Protein chains: 2
Amino acid sequence: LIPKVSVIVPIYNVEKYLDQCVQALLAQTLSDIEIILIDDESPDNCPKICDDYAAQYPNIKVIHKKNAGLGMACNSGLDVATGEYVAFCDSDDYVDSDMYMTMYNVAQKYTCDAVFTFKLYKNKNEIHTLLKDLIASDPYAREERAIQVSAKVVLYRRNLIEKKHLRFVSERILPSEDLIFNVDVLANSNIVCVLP
Amino acid sequence: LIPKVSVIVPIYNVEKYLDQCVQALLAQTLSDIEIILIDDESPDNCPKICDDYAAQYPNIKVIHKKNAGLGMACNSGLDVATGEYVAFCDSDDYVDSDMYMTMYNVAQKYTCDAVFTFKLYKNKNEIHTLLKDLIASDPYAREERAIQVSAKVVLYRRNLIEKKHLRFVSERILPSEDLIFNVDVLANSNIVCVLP
């Protein structure tokens, strides 16, 4: 009925990586995956490659936009996403087929609001403490947290994002847009897990 | 004898803008400026442009490096800077003739550890209050604070950076590298001011 995970892929001049990427998402072990391709006015052949996929498969949604950046692209993806969970995958990244299964199962077991990249944070208080490292004096602890919090592979409970109206800030305004979005999620969550 | 301000210029494929950039730096009203050109193994003719400038002016230092990125390039500049204050200048920016004078004076008057982008944060406690918005619930306050903290032009009290050996993380490892470095500085400062 409702997709288990919506995977949004922001696309811009990656025609040499796209196929392997979408094909890795199509090979996932987890069922009911909704794949969303956002063509941010890609100069190469990605626009047709997206149509080809949307035509050859039933779980692939596509949107062709006038160029506006990856952050805004991910947002368009979120607007059409319908899965219980949502995630972002870079064009130049072909993921391991057991990946989403692993993250989904974990998130379902502990009712997570987000699963990063073993530690479980049961309340916003424990999460808050995790975030304090970003603004305390110690550089290394801040570097460590920023790195962790900026992990590329993250699974978010979609309704937390919608309820909180969380969206990416354009990278053209904030180059650290991905980190900020992740903090938006963490500072507004209750339960969070971090995988090895 | 020691320079007032050290301007670090990370260089890569900017042959067409380098002259105007260095010249804008030479035309500054401030008297003791140390210009540090970090040739990040540029493919064009920037390496020779760099040698020609160091050979013509004694206050211009050049470092020919193996490619490693902008963050690492800034670190290389910090490794050799000697000015009382330091700043980073994008190769494609042609700066106003009195920009550094103005920030130097401002810095000297309130004994700032950093001058951004009128506000004056007198102590750690005030600066910390500022950093709190980056991790609190409200997405808007975090966005705005992150935007100002990510101001492109900032004058840093060099001794602060050296005493805490603050350094940039590679953009290749952490995209938010610029924001993180300014947070390192802020979280370790007494007195910080923002220019309107």
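Residues numbered from 1 in each chain as written, not as in the entry; some residues may be left out. Chains lettered and ligands numbered in written order. Heavy atoms only, no water.

Its PDB header names X-ray crystallography as the technique used to obtain the model and reports a resolution of 2.35 Å.

Per the PDB entry, chain A carries the name Putative glycosyltransferase protein and comes from Bacteroides fragilis. For this structure, the PDB entry title reads "Crystal structure of a putative glycosyltransferase from Bacteroides fragilis".

1. So, the overall build of chain A
Where we set the bar: In this description a helix means any DSSP run of H or I spanning at least four residues, a strand means any run of E spanning at least two, and both kinds are numbered starting from the N terminus. Each residue is placed in one exposure class: buried if its accessible area under a 1.4 Å probe, protein chains only, is under 20% of its type's maximum, exposed if it is over 50%, and partly exposed if it falls in between. Shrake-Rupley sampling with a 1.4 Å probe provides the accessible areas, and residues are treated as covered by the protein chains on show and by no other component. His is not counted, nor are the chain ends, whereas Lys and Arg count as positive and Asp and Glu as negative. Charged groups are reduced to one reference atom each: NZ for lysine, CZ for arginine, CG for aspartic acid, CD for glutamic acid.
Counting its secondary structure elements, chain A contains eight helices and eight strands. For chain A, the residues scored as buried account for 53% of the 196 residues in total. Approximately 9200 Å² of chain A is accessible, and the part contributed by carbon and sulfur atoms is 51%. One way to put it: in chain A the 20 positive side-chain charges average out to a point 8 Å from where the 28 negative ones average out.

2. Points about the relation of the copies chain A and chain B
Both copies of the chain are related by a screw-like operation: a rotation about an axis and a shift along it. Note the cut-off: All copies sit on top of one another after a least-squares fit of their C-alpha atoms. Two residues qualify as a contact provided that any one of their heavy atoms is within 4.5 Å of a heavy atom in the partner residue.
Once chain A has been moved 0.6 Å along the axis and rotated by 177°, it coincides with chain B to within an RMSD of 0.6 Å. Both copies are brought into coincidence by an operation consistent with a two-fold rotation axis. Among all C-alpha atoms of chain A, that of A:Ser176 lies closest to the rotation axis, at 2.2 Å. When the interface residues of chain A are mapped onto chain B, 96% of them are again interface residues, pointing to one common binding face.

3. Considering helix α5 (residues 124-131) of chain A
All names here are of chain A. For the record, the criterion: Arc definition: directions from the helix axis to the C-beta atoms.
For α5, the set of buried residues is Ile127, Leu130 and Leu131. Along the axis of α5, the buried residues cluster in a sector spanning 95°; they form a single face. In the core, the buried residues of α5 are packed alongside β6 (119-121), α6 (139-149), α8 (177-186) and β8 (192-194).

4. Things to note about the pairing of strand β7 (residues 154-157) of chain A
All names here are of chain A. Test applied: Criterion used throughout: strands pair if DSSP finds at least two bridges between them.
With three bridges connecting them, strand β4 (residues 85-88) and β7 associate as antiparallel partners. Bridge assignment links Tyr85 to a residue of β7, and that residue is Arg157. Sheet analysis places strand β5 (residues 114-116) next to β7, joined by three bridges and oriented antiparallel. Residue pairing for β7: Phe116 is matched across the bridge by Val154.

5. Observations concerning the sheet that holds strand β2 (residues 33-39) of chain B
All names here are of chain B. Going by this rule: As a rule, the C-alpha atoms of each element are fitted with a line to give its axis, helices using only the stretch in contact, and angles between N-to-C directions run from 0 to 180 degrees.
Ordered in space as β3-β2-β1-β4-β7-β5-β8-β6, the eight strands form an open sheet in which the pairing is mixed. With one partner strand each, in any of the chains shown, β3 (60-64) and β6 (119-121) form the two edges of the open sheet. Across the sheet, the axes of successive neighbouring strands diverge by a mean angle of 20°, strand direction being ignored. Most of the contacts of helix α4 (residues 99-110) go to strand β4 (residues 85-88), to which it runs at about 140°, and overall it touches β1 (5-11), β4, β5 (114-116), β6, β7 (154-157) and β8 (192-194).

6. Focus: the pattern of salt bridges
All names here are of chain B. Which entries qualify depends on this criterion: We count a salt bridge whenever a side-chain nitrogen from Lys or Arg sits within 4 Å of a carboxyl oxygen from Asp or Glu.
Inspection of the entire model under this criterion finds 16 salt bridges over all chains. Among the salt bridges present, the one from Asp79 reaches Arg167, with a minimum N-O distance of 3.6 Å. Classification of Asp79 as exposed rests on a relative accessible area of 53%. Given a relative accessible area of 15%, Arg167 falls into the buried group. A salt bridge links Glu162 to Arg167, with the shortest nitrogen-to-oxygen separation between them at 3.0 Å. Its relative accessible area of 29% is what places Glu162 among the partly exposed residues.

7. Structural notes on the interface of chain A and chain B
The condition that has to hold: Two parts placed together each lose some accessible area under a 1.4 Å probe, and adding up what both lose gives the buried area. All residues other than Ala, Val, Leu, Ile, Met, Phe, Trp, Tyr, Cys, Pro, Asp, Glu, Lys and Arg, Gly among them, are scored as polar; the first ten of these are nonpolar and the last four charged.
Each side of the interface is counted separately: chain A has 25 residues, and chain B has 24 residues. Surface buried jointly by chain A and chain B totals about 1900 Å² across both partners, of which 71% is contributed by carbon and sulfur atoms. Connecting chain A to chain B are two salt bridges. Salt-bridge contacts for B:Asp184 lead to A:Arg142; the nearest nitrogen and oxygen are separated by 2.8 Å. Listing elements by their share of the side of chain A that touches chain B, those giving two or more residues are α5, α6 and α8 of chain A. Considering each element in turn, the side of chain A that touches chain B owes the most residues, five residues, to α6(A). Counted by class, the side of chain A that touches chain B contains 16 nonpolar, five polar and four charged residues.

8. Notes on the packing of aromatic side chains
Residue and element names in this part refer to chain A. Note the cut-off: A pair of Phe, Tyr and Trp rings is counted when the ring centres sit within 6.5 Å of each other, with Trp represented by its six-membered ring. The angle between the planes then sorts it: under 30 degrees is stacked, over 60 is edge-to-face, the rest tilted.
As enumerated under the stated definition, the model contains 16 aromatic pairs over all chains in all. Aromatic pair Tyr53 and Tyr57: ring centres 6.1 Å apart, planes at 25°, arrangement stacked. Using a relative accessible area of 34% as the deciding quantity, one classes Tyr57 as partly exposed. Note on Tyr156 and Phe181: the rings are 5.7 Å apart at their centroids and 70° apart in plane angle, and the pair reads as edge-to-face. Of this pair, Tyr156 sits in strand β7 while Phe181 sits in helix α8, placing them 25 residues apart in sequence. By relative accessible area, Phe181 is classed as buried at 1%. Members of the aromatic cluster, connected to one another through ring pairs, are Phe88, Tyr156, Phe168 and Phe181.

9. Let's talk about the sheet that holds β8(A)
All names here are of chain A. Spatially, eight strands are ordered β3-β2-β1-β4-β7-β5-β8-β6 in an open sheet, and the strand pairing comes out mixed. A single partner strand is all that each edge strand has here, and the edge strands are β3 (60-64) and β6. For this sheet the average axis-to-axis angle between neighbouring strands, irrespective of direction, equals 20°.

10. Considerations on empty space enclosed by the protein
Stated formally: Lining residues are those with an atom within 4 Å of a point, where the points come from a 1 Å grid over the protein atoms alone and group into cavities, where a 1.4 Å probe fits but cannot get out, or pockets, open sets with protein on both sides within 12 Å along at least five of seven lines. Grid points are joined across faces, edges and corners, and a volume is the space filled by probe spheres set on the points.
Space inside the largest cavity adds up to approximately 110 Å³. Lining the largest cavity are A:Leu134, A:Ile135, A:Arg142, A:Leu179, A:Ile180, A:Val183, B:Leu134, B:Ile135, B:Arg142, B:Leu179, B:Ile180 and B:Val183. Residue assignment for the lining of the largest cavity shows that the elements contributing at least two residues are α8 of chain A together with α8 (177-187) of chain B. Grouping the constituent residues of the lining of the largest cavity by class yields 10 nonpolar, no polar and two charged.

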